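K.L.:
For reference, this is upload_4.pdb, and it has PDB, N, CA and C atoms.
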```pdb
ATOM      1  N   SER A   1     -19.553   9.127   7.146
ATOM      2  CA  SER A   1     -18.383   9.946   6.847
ATOM      3  C   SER A   1     -17.110   9.104   6.875
ATOM      4  N   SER A   2     -16.937   8.270   5.854
ATOM      5  CA  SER A   2     -15.765   7.408   5.762
ATOM      6  C   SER A   2     -14.777   7.942   4.730
ATOM      7  N   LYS A   3     -13.511   7.569   4.883
ATOM      8  CA  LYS A   3     -12.467   8.008   3.965
ATOM      9  C   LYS A   3     -12.254   6.984   2.853
ATOM     10  N   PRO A   4     -11.642   7.430   1.746
ATOM     11  CA  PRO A   4     -11.365   6.568   0.593
ATOM     12  C   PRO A   4     -10.287   5.532   0.890
ATOM     13  N   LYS A   5     -10.678   4.451   1.557
ATOM     14  CA  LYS A   5      -9.747   3.384   1.903
ATOM     15  C   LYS A   5     -10.171   2.063   1.269
ATOM     16  N   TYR A   6      -9.543   1.721   0.150
ATOM     17  CA  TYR A   6      -9.857   0.484  -0.554
ATOM     18  C   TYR A   6      -8.583  -0.259  -0.947
ATOM     19  N   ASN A   7      -8.750  -1.418  -1.574
ATOM     20  CA  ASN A   7      -7.615  -2.226  -2.004
ATOM     21  C   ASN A   7      -6.605  -1.380  -2.772
ATOM     22  N   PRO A   8      -5.362  -1.877  -2.860
ATOM     23  CA  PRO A   8      -4.280  -1.184  -3.566
ATOM     24  C   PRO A   8      -4.488  -1.170  -5.076
ATOM     25  N   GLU A   9      -5.476  -1.929  -5.540
ATOM     26  CA  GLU A   9      -5.778  -2.004  -6.965
ATOM     27  C   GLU A   9      -6.680  -0.849  -7.392
ATOM     28  N   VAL A  10      -7.612  -0.480  -6.518
ATOM     29  CA  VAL A  10      -8.537   0.609  -6.803
ATOM     30  C   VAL A  10      -7.953   1.953  -6.379
ATOM     31  N   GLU A  11      -7.174   1.939  -5.302
ATOM     32  CA  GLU A  11      -6.554   3.157  -4.792
ATOM     33  C   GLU A  11      -5.772   3.870  -5.892
ATOM     34  N   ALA A  12      -5.099   3.091  -6.732
ATOM     35  CA  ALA A  12      -4.314   3.646  -7.827
ATOM     36  C   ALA A  12      -5.197   4.427  -8.794
ATOM     37  N   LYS A  13      -6.472   4.061  -8.851
ATOM     38  CA  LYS A  13      -7.422   4.727  -9.734
ATOM     39  C   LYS A  13      -7.662   6.167  -9.290
ATOM     40  N   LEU A  14      -7.466   6.423  -8.001
ATOM     41  CA  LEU A  14      -7.659   7.759  -7.448
ATOM     42  C   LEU A  14      -6.427   8.628  -7.682
ATOM     43  N   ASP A  15      -5.251   8.028  -7.538
ATOM     44  CA  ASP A  15      -3.997   8.746  -7.736
ATOM     45  C   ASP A  15      -3.974   9.434  -9.098
ATOM     46  N   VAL A  16      -4.642   8.827 -10.074
ATOM     47  CA  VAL A  16      -4.698   9.381 -11.421
ATOM     48  C   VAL A  16      -5.462  10.701 -11.441
ATOM     49  N   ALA A  17      -6.728  10.652 -11.039
ATOM     50  CA  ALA A  17      -7.566  11.844 -11.008
ATOM     51  C   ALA A  17      -6.952  12.925 -10.124
ATOM     52  N   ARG A  18      -6.105  12.507  -9.189
ATOM     53  CA  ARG A  18      -5.452  13.440  -8.279
ATOM     54  C   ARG A  18      -4.320  14.184  -8.983
ATOM     55  N   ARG A  19      -3.717  13.533  -9.972
ATOM     56  CA  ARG A  19      -2.620  14.132 -10.722
ATOM     57  C   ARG A  19      -3.150  15.024 -11.841
ATOM     58  N   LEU A  20      -4.329  14.687 -12.350
ATOM     59  CA  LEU A  20      -4.947  15.457 -13.424
ATOM     60  C   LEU A  20      -5.709  16.655 -12.867
ATOM     61  N   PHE A  21      -6.254  16.497 -11.666
ATOM     62  CA  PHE A  21      -7.006  17.565 -11.020
ATOM     63  C   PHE A  21      -6.200  18.860 -10.995
ATOM     64  N   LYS A  22      -5.024  18.806 -10.378
ATOM     65  CA  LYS A  22      -4.154  19.973 -10.284
ATOM     66  C   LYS A  22      -3.846  20.535 -11.667
ATOM     67  N   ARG A  23      -3.923  19.678 -12.680
ATOM     68  CA  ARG A  23      -3.651  20.091 -14.052
ATOM     69  C   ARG A  23      -4.731  21.044 -14.556
ATOM     70  N   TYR A  24      -5.922  20.943 -13.975
ATOM     71  CA  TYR A  24      -7.039  21.793 -14.367
ATOM     72  C   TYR A  24      -7.099  23.047 -13.500
ATOM     73  N   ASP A  25      -7.113  22.851 -12.186
ATOM     74  CA  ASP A  25      -7.167  23.965 -11.247
ATOM     75  C   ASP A  25      -6.051  24.967 -11.528
ATOM     76  N   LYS A  26      -6.405  26.075 -12.170
ATOM     77  CA  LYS A  26      -5.434  27.113 -12.497
ATOM     78  C   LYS A  26      -5.176  28.016 -11.296
ATOM     79  N   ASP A  27      -6.158  28.103 -10.405
ATOM     80  CA  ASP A  27      -6.036  28.931  -9.211
ATOM     81  C   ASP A  27      -4.986  28.363  -8.261
ATOM     82  N   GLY A  28      -4.600  27.112  -8.493
ATOM     83  CA  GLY A  28      -3.607  26.473  -7.649
ATOM     84  C   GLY A  28      -3.960  26.553  -6.177
ATOM     85  N   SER A  29      -5.254  26.636  -5.884
ATOM     86  CA  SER A  29      -5.722  26.723  -4.505
ATOM     87  C   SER A  29      -6.418  25.433  -4.084
ATOM     88  N   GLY A  30      -6.169  24.363  -4.833
ATOM     89  CA  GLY A  30      -6.779  23.082  -4.523
ATOM     90  C   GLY A  30      -8.277  23.082  -4.758
ATOM     91  N   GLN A  31      -8.750  24.043  -5.545
ATOM     92  CA  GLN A  31     -10.174  24.149  -5.846
ATOM     93  C   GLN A  31     -10.412  24.151  -7.352
ATOM     94  N   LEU A  32     -11.492  23.503  -7.775
ATOM     95  CA  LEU A  32     -11.835  23.429  -9.191
ATOM     96  C   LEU A  32     -13.312  23.737  -9.411
ATOM     97  N   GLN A  33     -13.672  24.025 -10.657
ATOM     98  CA  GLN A  33     -15.055  24.336 -11.001
ATOM     99  C   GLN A  33     -15.849  23.062 -11.269
ATOM    100  N   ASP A  34     -17.163  23.142 -11.092
ATOM    101  CA  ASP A  34     -18.036  21.996 -11.315
ATOM    102  C   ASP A  34     -18.200  21.720 -12.806
ATOM    103  N   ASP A  35     -18.519  22.764 -13.564
ATOM    104  CA  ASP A  35     -18.705  22.634 -15.005
ATOM    105  C   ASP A  35     -17.459  22.052 -15.663
ATOM    106  N   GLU A  36     -16.309  22.254 -15.026
ATOM    107  CA  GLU A  36     -15.046  21.751 -15.552
ATOM    108  C   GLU A  36     -14.902  20.255 -15.284
ATOM    109  N   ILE A  37     -15.623  19.769 -14.280
ATOM    110  CA  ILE A  37     -15.576  18.357 -13.921
ATOM    111  C   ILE A  37     -15.937  17.474 -15.111
ATOM    112  N   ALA A  38     -16.978  17.867 -15.838
ATOM    113  CA  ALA A  38     -17.423  17.115 -17.004
ATOM    114  C   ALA A  38     -16.264  16.844 -17.958
ATOM    115  N   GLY A  39     -15.546  17.902 -18.325
ATOM    116  CA  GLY A  39     -14.420  17.756 -19.230
ATOM    117  C   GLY A  39     -13.218  17.121 -18.562
ATOM    118  N   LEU A  40     -13.023  17.425 -17.283
ATOM    119  CA  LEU A  40     -11.900  16.880 -16.528
ATOM    120  C   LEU A  40     -11.956  15.356 -16.495
ATOM    121  N   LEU A  41     -13.163  14.817 -16.364
ATOM    122  CA  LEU A  41     -13.353  13.371 -16.320
ATOM    123  C   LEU A  41     -12.972  12.730 -17.651
ATOM    124  N   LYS A  42     -13.252  13.435 -18.742
ATOM    125  CA  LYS A  42     -12.936  12.937 -20.076
ATOM    126  C   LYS A  42     -11.475  12.504 -20.163
ATOM    127  N   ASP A  43     -10.585  13.329 -19.623
ATOM    128  CA  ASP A  43      -9.159  13.030 -19.638
ATOM    129  C   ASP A  43      -8.783  12.115 -18.476
ATOM    130  N   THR A  44      -9.545  12.204 -17.390
ATOM    131  CA  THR A  44      -9.291  11.389 -16.209
ATOM    132  C   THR A  44      -9.420   9.903 -16.530
ATOM    133  N   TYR A  45     -10.586   9.510 -17.031
ATOM    134  CA  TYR A  45     -10.837   8.117 -17.378
ATOM    135  C   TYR A  45      -9.738   7.574 -18.287
ATOM    136  N   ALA A  46      -9.367   8.362 -19.291
ATOM    137  CA  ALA A  46      -8.325   7.964 -20.230
ATOM    138  C   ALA A  46      -7.066   7.518 -19.495
ATOM    139  N   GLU A  47      -6.613   8.339 -18.552
ATOM    140  CA  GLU A  47      -5.417   8.029 -17.780
ATOM    141  C   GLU A  47      -5.659   6.837 -16.858
ATOM    142  N   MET A  48      -6.913   6.651 -16.457
ATOM    143  CA  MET A  48      -7.278   5.548 -15.576
ATOM    144  C   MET A  48      -7.247   4.221 -16.324
ATOM    145  N   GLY A  49      -7.414   4.285 -17.642
ATOM    146  CA  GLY A  49      -7.402   3.080 -18.451
ATOM    147  C   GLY A  49      -8.792   2.658 -18.883
ATOM    148  N   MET A  50      -9.807   3.236 -18.250
ATOM    149  CA  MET A  50     -11.193   2.914 -18.574
ATOM    150  C   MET A  50     -11.529   3.336 -20.001
ATOM    151  N   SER A  51     -12.020   2.388 -20.793
ATOM    152  CA  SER A  51     -12.377   2.661 -22.180
ATOM    153  C   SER A  51     -13.838   2.310 -22.444
ATOM    154  N   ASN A  52     -14.467   3.057 -23.346
ATOM    155  CA  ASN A  52     -15.866   2.826 -23.689
ATOM    156  C   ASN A  52     -16.756   2.952 -22.457
ATOM    157  N   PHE A  53     -16.363   3.827 -21.537
ATOM    158  CA  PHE A  53     -17.125   4.042 -20.312
ATOM    159  C   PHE A  53     -17.024   5.495 -19.857
ATOM    160  N   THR A  54     -18.015   6.297 -20.233
ATOM    161  CA  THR A  54     -18.038   7.708 -19.867
ATOM    162  C   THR A  54     -19.009   7.962 -18.720
ATOM    163  N   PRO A  55     -18.636   8.885 -17.821
ATOM    164  CA  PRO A  55     -19.461   9.241 -16.664
ATOM    165  C   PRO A  55     -20.723   9.999 -17.063
ATOM    166  N   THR A  56     -21.875   9.362 -16.875
ATOM    167  CA  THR A  56     -23.152   9.975 -17.216
ATOM    168  C   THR A  56     -23.345  11.293 -16.474
ATOM    169  N   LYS A  57     -23.953  12.262 -17.148
ATOM    170  CA  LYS A  57     -24.200  13.571 -16.553
ATOM    171  C   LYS A  57     -25.218  13.470 -15.421
ATOM    172  N   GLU A  58     -26.147  12.528 -15.549
ATOM    173  CA  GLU A  58     -27.177  12.328 -14.536
ATOM    174  C   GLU A  58     -26.568  11.811 -13.237
ATOM    175  N   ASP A  59     -25.472  11.070 -13.358
ATOM    176  CA  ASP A  59     -24.792  10.514 -12.194
ATOM    177  C   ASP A  59     -23.834  11.534 -11.586
ATOM    178  N   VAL A  60     -23.102  12.236 -12.445
ATOM    179  CA  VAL A  60     -22.149  13.243 -11.994
ATOM    180  C   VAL A  60     -22.803  14.227 -11.030
ATOM    181  N   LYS A  61     -23.987  14.707 -11.397
ATOM    182  CA  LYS A  61     -24.720  15.654 -10.567
ATOM    183  C   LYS A  61     -25.001  15.064  -9.189
ATOM    184  N   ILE A  62     -25.093  13.741  -9.124
ATOM    185  CA  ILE A  62     -25.356  13.055  -7.865
ATOM    186  C   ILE A  62     -24.090  12.946  -7.022
ATOM    187  N   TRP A  63     -22.998  12.533  -7.656
ATOM    188  CA  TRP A  63     -21.722  12.388  -6.965
ATOM    189  C   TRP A  63     -21.300  13.704  -6.320
ATOM    190  N   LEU A  64     -21.496  14.802  -7.043
ATOM    191  CA  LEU A  64     -21.136  16.123  -6.540
ATOM    192  C   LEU A  64     -21.967  16.484  -5.312
ATOM    193  N   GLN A  65     -23.286  16.458  -5.469
ATOM    194  CA  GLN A  65     -24.191  16.781  -4.371
ATOM    195  C   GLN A  65     -23.883  15.930  -3.144
ATOM    196  N   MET A  66     -23.538  14.668  -3.375
ATOM    197  CA  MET A  66     -23.218  13.752  -2.287
ATOM    198  C   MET A  66     -22.080  14.300  -1.431
ATOM    199  N   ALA A  67     -21.260  15.161  -2.026
ATOM    200  CA  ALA A  67     -20.135  15.759  -1.318
ATOM    201  C   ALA A  67     -20.198  17.282  -1.374
ATOM    202  N   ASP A  68     -21.373  17.810  -1.697
ATOM    203  CA  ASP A  68     -21.565  19.252  -1.783
ATOM    204  C   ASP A  68     -22.032  19.820  -0.447
ATOM    205  N   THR A  69     -21.376  19.401   0.631
ATOM    206  CA  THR A  69     -21.725  19.866   1.967
ATOM    207  C   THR A  69     -21.785  21.388   2.021
ATOM    208  N   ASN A  70     -22.313  21.915   3.121
ATOM    209  CA  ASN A  70     -22.428  23.358   3.297
ATOM    210  C   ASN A  70     -21.089  24.046   3.046
ATOM    211  N   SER A  71     -20.990  24.741   1.915
ATOM    212  CA  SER A  71     -19.762  25.441   1.556
ATOM    213  C   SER A  71     -20.037  26.510   0.502
ATOM    214  N   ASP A  72     -18.974  27.147   0.024
ATOM    215  CA  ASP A  72     -19.099  28.190  -0.989
ATOM    216  C   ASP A  72     -19.856  27.676  -2.209
ATOM    217  N   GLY A  73     -19.786  26.366  -2.434
ATOM    218  CA  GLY A  73     -20.469  25.772  -3.568
ATOM    219  C   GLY A  73     -19.517  25.409  -4.691
ATOM    220  N   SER A  74     -18.303  25.005  -4.330
ATOM    221  CA  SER A  74     -17.296  24.633  -5.316
ATOM    222  C   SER A  74     -16.855  23.186  -5.124
ATOM    223  N   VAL A  75     -16.139  22.656  -6.110
ATOM    224  CA  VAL A  75     -15.655  21.281  -6.050
ATOM    225  C   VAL A  75     -14.139  21.239  -5.892
ATOM    226  N   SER A  76     -13.672  20.467  -4.917
ATOM    227  CA  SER A  76     -12.242  20.341  -4.658
ATOM    228  C   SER A  76     -11.749  18.940  -5.004
ATOM    229  N   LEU A  77     -10.476  18.683  -4.724
ATOM    230  CA  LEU A  77      -9.879  17.381  -5.005
ATOM    231  C   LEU A  77     -10.310  16.349  -3.968
ATOM    232  N   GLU A  78     -10.367  16.770  -2.709
ATOM    233  CA  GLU A  78     -10.768  15.881  -1.624
ATOM    234  C   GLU A  78     -12.092  15.196  -1.943
ATOM    235  N   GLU A  79     -13.004  15.939  -2.561
ATOM    236  CA  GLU A  79     -14.312  15.403  -2.920
ATOM    237  C   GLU A  79     -14.263  14.720  -4.283
ATOM    238  N   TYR A  80     -13.440  15.253  -5.178
ATOM    239  CA  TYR A  80     -13.302  14.697  -6.518
ATOM    240  C   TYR A  80     -12.787  13.263  -6.462
ATOM    241  N   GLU A  81     -12.069  12.940  -5.391
ATOM    242  CA  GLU A  81     -11.517  11.602  -5.217
ATOM    243  C   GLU A  81     -12.630  10.575  -5.022
ATOM    244  N   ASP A  82     -13.448  10.787  -3.997
ATOM    245  CA  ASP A  82     -14.553   9.882  -3.701
ATOM    246  C   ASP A  82     -15.486   9.754  -4.901
ATOM    247  N   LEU A  83     -15.562  10.811  -5.701
ATOM    248  CA  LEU A  83     -16.418  10.817  -6.883
ATOM    249  C   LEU A  83     -16.009   9.716  -7.857
ATOM    250  N   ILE A  84     -14.720   9.664  -8.174
ATOM    251  CA  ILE A  84     -14.200   8.658  -9.091
ATOM    252  C   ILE A  84     -14.635   7.256  -8.675
ATOM    253  N   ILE A  85     -14.675   7.020  -7.368
ATOM    254  CA  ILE A  85     -15.076   5.722  -6.839
ATOM    255  C   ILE A  85     -16.445   5.312  -7.370
ATOM    256  N   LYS A  86     -17.446   6.148  -7.116
ATOM    257  CA  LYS A  86     -18.805   5.877  -7.570
ATOM    258  C   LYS A  86     -18.872   5.834  -9.093
ATOM    259  N   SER A  87     -17.925   6.504  -9.742
ATOM    260  CA  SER A  87     -17.876   6.544 -11.199
ATOM    261  C   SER A  87     -17.254   5.268 -11.756
ATOM    262  N   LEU A  88     -16.479   4.583 -10.924
ATOM    263  CA  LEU A  88     -15.823   3.345 -11.332
ATOM    264  C   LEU A  88     -16.759   2.153 -11.169
ATOM    265  N   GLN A  89     -17.635   2.226 -10.171
ATOM    266  CA  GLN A  89     -18.586   1.153  -9.910
ATOM    267  C   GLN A  89     -19.537   0.969 -11.088
ATOM    268  N   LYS A  90     -20.019   2.081 -11.633
ATOM    269  CA  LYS A  90     -20.936   2.045 -12.765
ATOM    270  C   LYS A  90     -20.334   1.261 -13.927
ATOM    271  N   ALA A  91     -19.010   1.285 -14.029
ATOM    272  CA  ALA A  91     -18.312   0.574 -15.092
ATOM    273  C   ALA A  91     -18.314  -0.930 -14.841
ATOM    274  N   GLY A  92     -18.462  -1.315 -13.577
ATOM    275  CA  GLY A  92     -18.477  -2.722 -13.228
ATOM    276  C   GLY A  92     -17.279  -3.125 -12.390
ATOM    277  N   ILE A  93     -16.611  -2.138 -11.802
ATOM    278  CA  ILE A  93     -15.441  -2.396 -10.973
ATOM    279  C   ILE A  93     -15.826  -2.515  -9.502
ATOM    280  N   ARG A  94     -15.677  -3.716  -8.952
ATOM    281  CA  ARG A  94     -16.008  -3.962  -7.553
ATOM    282  C   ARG A  94     -14.928  -3.403  -6.633
ATOM    283  N   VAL A  95     -15.330  -2.520  -5.724
ATOM    284  CA  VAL A  95     -14.397  -1.912  -4.783
ATOM    285  C   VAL A  95     -14.812  -2.186  -3.342
ATOM    286  N   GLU A  96     -13.983  -2.941  -2.628
ATOM    287  CA  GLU A  96     -14.264  -3.277  -1.237
ATOM    288  C   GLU A  96     -13.382  -2.468  -0.292
ATOM    289  N   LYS A  97     -13.752  -2.450   0.984
ATOM    290  CA  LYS A  97     -12.996  -1.714   1.990
ATOM    291  C   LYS A  97     -11.936  -2.604   2.632
ATOM    292  N   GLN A  98     -10.740  -2.053   2.815
ATOM    293  CA  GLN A  98      -9.641  -2.796   3.418
ATOM    294  C   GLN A  98      -9.052  -2.034   4.601
ATOM    295  N   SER A  99      -8.409  -2.763   5.509
ATOM    296  CA  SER A  99      -7.804  -2.155   6.688
ATOM    297  C   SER A  99      -6.484  -2.838   7.034
ATOM    298  N   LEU A 100      -5.465  -2.034   7.312
ATOM    299  CA  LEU A 100      -4.149  -2.559   7.658
ATOM    300  C   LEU A 100      -4.092  -2.960   9.129
ATOM    301  N   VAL A 101      -3.106  -3.781   9.476
ATOM    302  CA  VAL A 101      -2.940  -4.238  10.851
ATOM    303  C   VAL A 101      -1.595  -3.794  11.417
ATOM    304  N   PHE A 102      -1.640  -2.911  12.408
ATOM    305  CA  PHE A 102      -0.425  -2.406  13.036
ATOM    306  C   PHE A 102       0.321  -3.525  13.757
TER     307      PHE A 102
END
```
The structure given in the file should be rewritten as C-alpha cells.
P.N.:
Amino acid sequence: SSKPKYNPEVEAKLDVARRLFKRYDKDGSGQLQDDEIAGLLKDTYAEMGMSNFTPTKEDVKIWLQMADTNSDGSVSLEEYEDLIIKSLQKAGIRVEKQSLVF
C-alpha cells in the first residue's frame, strides 16, 4: 500500500489525468464510471504527450481491479492516478521511487 511518489518528471504525468478526470466526472463527487475510463484515457494520453500508445483493454481491466478494493464498485481519481503509472510503463517509461530529505 504505497503512494504515488516518483520523480518530478513522471509526477507531472499524473497531474494531467487529474485535470481531465474532473472534466469527465459530471457528478462532481470525485467519482467516475469504469466504462468511461476507456474513453477518458483516449484524451488523457493526448494531454500527457504519449503518441502511438493506447492503453490495452486487457491491461485496463487489471489496473482497475488492482485498486478495486472492497467498495461500491466505482472508479475514483485517487485510484485513476496510480493507474496511469502502470499505463505509462507499458509505453516504455521507466518510473522509479524517490524520497525527499527534511
K.L.:
Go ahead and compute the interatomic distance for atom N of residue 31 of chain A and atom CA of residue 89 of chain A, in Å to one decimal.
P.N.:
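Rounded to one decimal, the two atoms are 25.3 Å apart.
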K.L.:
What is the distance, in Å and to one decimal place, between atom C of residue 78 of chain A and atom CA of residue 59 of chain A?
P.N.:
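Computed distance, atom C of residue 78 of chain A to atom CA of residue 59 of chain A, equals 17.0 Å.
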K.L.:
Carefully work through the PyMOL selection byres ((chain A and resi 33-42) around 7) for this structure and note down the residues it includes, as a VMD selection string.
P.N.:
chain A and resid 25 31 to 32 43 to 47 55 74 to 76
K.L.:
Could you give me, as a PyMOL selection string, each residue of chain A that DSSP assigns to strand (DSSP E or B) when run on this structure's backbone?
P.N.:
chain A and resi 6+31-32+75-76+97
K.L.:
Excluding segment 2-14 of chain A and its own-chain neighbours fewer than 6 positions away, which residues fall within 8 Å of it when counting only C-alpha atoms? Please give them as an mmCIF file with N, CA and C atoms, keeping the file's coordinate frame.
P.N.:
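Okay, this is what ended up in part.cif:
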```cif
data_model
loop_
_atom_site.group_PDB
_atom_site.id
_atom_site.type_symbol
_atom_site.label_atom_id
_atom_site.label_comp_id
_atom_site.auth_asym_id
_atom_site.auth_seq_id
_atom_site.Cartn_x
_atom_site.Cartn_y
_atom_site.Cartn_z
ATOM 1 N N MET A 48 -6.913 6.651 -16.457
ATOM 2 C CA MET A 48 -7.278 5.548 -15.576
ATOM 3 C C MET A 48 -7.247 4.221 -16.324
ATOM 4 N N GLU A 81 -12.069 12.940 -5.391
ATOM 5 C CA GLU A 81 -11.517 11.602 -5.217
ATOM 6 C C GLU A 81 -12.630 10.575 -5.022
ATOM 7 N N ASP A 82 -13.448 10.787 -3.997
ATOM 8 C CA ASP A 82 -14.553 9.882 -3.701
ATOM 9 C C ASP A 82 -15.486 9.754 -4.901
ATOM 10 N N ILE A 84 -14.720 9.664 -8.174
ATOM 11 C CA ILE A 84 -14.200 8.658 -9.091
ATOM 12 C C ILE A 84 -14.635 7.256 -8.675
ATOM 13 N N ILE A 85 -14.675 7.020 -7.368
ATOM 14 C CA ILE A 85 -15.076 5.722 -6.839
ATOM 15 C C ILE A 85 -16.445 5.312 -7.370
ATOM 16 N N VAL A 95 -15.330 -2.520 -5.724
ATOM 17 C CA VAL A 95 -14.397 -1.912 -4.783
ATOM 18 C C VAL A 95 -14.812 -2.186 -3.342
ATOM 19 N N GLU A 96 -13.983 -2.941 -2.628
ATOM 20 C CA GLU A 96 -14.264 -3.277 -1.237
ATOM 21 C C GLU A 96 -13.382 -2.468 -0.292
ATOM 22 N N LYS A 97 -13.752 -2.450 0.984
ATOM 23 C CA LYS A 97 -12.996 -1.714 1.990
ATOM 24 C C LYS A 97 -11.936 -2.604 2.632
ATOM 25 N N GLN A 98 -10.740 -2.053 2.815
ATOM 26 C CA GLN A 98 -9.641 -2.796 3.418
ATOM 27 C C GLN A 98 -9.052 -2.034 4.601
ATOM 28 N N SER A 99 -8.409 -2.763 5.509
ATOM 29 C CA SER A 99 -7.804 -2.155 6.688
ATOM 30 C C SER A 99 -6.484 -2.838 7.034
#
```
K.L.:
One decimal, in Å: what's the spacing between atom CA of residue 53 of chain A and atom CA of residue 91 of chain A?
P.N.:
6.4 Å
K.L.:
Would you place a box with edges along x, y and z of the file around all atoms of segment 44-55 of chain A listed there, add 3 Å to each of its six sides, and report the centre and edge lengths in Å to one decimal, as lines of an AutoDock Vina configuration file?
P.N.:
```
center_x = -13.1
center_y = 7.3
center_z = -19.6
size_x = 21.3
size_y = 15.9
size_z = 14.1
```
K.L.:
When distances are computed from only C-alpha atoms, which of A:15, A:94, A:50, A:64 shows the smallest separation from residue 80 of chain A?
P.N.:
A:64
K.L.:
Please report, as a ChimeraX atom specification, each residue of chain A to which DSSP assigns alpha helix (DSSP H) when run on this structure's backbone.
P.N.:
/A:8-24,35-48,57-66,77-89
